[PDB]
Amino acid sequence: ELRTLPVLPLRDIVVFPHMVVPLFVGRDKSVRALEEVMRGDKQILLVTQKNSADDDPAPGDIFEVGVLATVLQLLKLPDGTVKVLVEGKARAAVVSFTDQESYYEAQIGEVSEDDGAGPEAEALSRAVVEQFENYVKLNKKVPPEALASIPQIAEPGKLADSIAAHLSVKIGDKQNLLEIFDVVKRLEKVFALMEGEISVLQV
């Protein structure tokens, strides 16, 4: 259902459901959002901003789909920056930002995902795994842990999100993948993004 919680706008990354990510939190309003969440159920809205240059983005300059996450672990560094390890849990639609000026706050809806199980979803998963195996030869910065674990992901939507996190693509492409709720469409996009030389197939 619908809930209000504090927001942490991300400058220049997208956190998918099931990803565990260290982050540094240094803007005044972001820090305050975090202190808030840590006195409570430790849960925050991660949502990406449209332009990484903007230091103080407004609601219209932040995307409208984000990720509900839990703060796993926290360390205030001597200079005041807060080092935090966060875990994405689920896609979240942003209904609107509240009136709060101490920090960003928002009401968020749950999302439903078209999932399952024609010959399509099936062939796409296997194809995306196979393609991923090739892709990481061309992108040597994918950690070896992910090369071992990603071929084992059984749930298509999770598979697509894990590969998405590891692609060397612009922010806008990552945010687009977060917004594709149809799993078959998402796997199709991750496949296309992994194409090294634009398929003759889309001219």
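Start at 1 with the first residue shown and count on from there.
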Revision key, fill the gap. For 111 to 119 versus 84 to 92, entry-based mean Cα B-factors point to 111 to 119
Review point. Comparing 69 to 77 with 94 to 102, which has the greater mean CA B-factor as deposited?
Key: 94 to 102
Review point. Checking the entry, which one of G60, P156, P144, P151 has the top C-alpha B factor?
Key: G60
Revision key, fill the gap. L138: C-alpha B-factor third of its chain, per the entry, is the middle
Review point. Is the Cα B-factor recorded for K29 in the lowest, middle or highest third of its chain?
Key: highest
Check your understanding: Relative to the other modelled residues in the chain, which third contains the C-alpha temperature factor of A53: lowest, middle or highest?
Key -> highest
Exercise for review: Would you mind checking where the Cα B-factor of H166 ranks among the modelled residues of its chain, as the lowest, middle or highest third?
Suggested key: lowest
